[PDB]
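This document opens with one chain alone, in structure tokens, the form deposited in one PDB entry.
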């Protein structure tokens, strides 16, 4: 039904960034075999296509890599995903803002960490978002901060 979802990691103040193992497993299991959409910035920091996913890059500037699909438009990106149940929007503060109005599902990782930056996740007023899932984790040997997975559905 071409549900668009957003998956993000947030620190306090909704601060986001590009460059915690458990969050990588969570990210990987919720995007596996789903087409993913991202900004230049986000593409540039991974370097590799994400395996077994249609990688789609949203940018005004022209393409530099044939392994991934390039688009200049929110609607060009959605159409490039084709007939799939769920589209995963994975990154760009700017890309998250462009796709929140078209999204029904949110996959958030709340990390108990201070981070200095002005890249913030978009305000999602609680009025029309319902929280359906919630999972806290202490810090352990592999994960340096406590963190909490959350999934919200649009009311």
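Positions refer to the first chain, counted from 1.
Same protein, other form: the form solved in complex with a small molecule, not shown, and the subject of what follows.
Mapping the unseen interface onto this chain, residue 59 counts among the residues with a heavy atom inside 4.5 Å of the small molecule in the deposited complex. Within this chain, residue 118 lines the site of the small molecule in the deposited complex, having a heavy atom no more than 4.5 Å away. Of the heavy atoms in residue 74, some are within 4.5 Å of the small molecule in the deposited complex. In the deposited complex, residue 40 approaches the small molecule with a heavy atom inside 4.5 Å.
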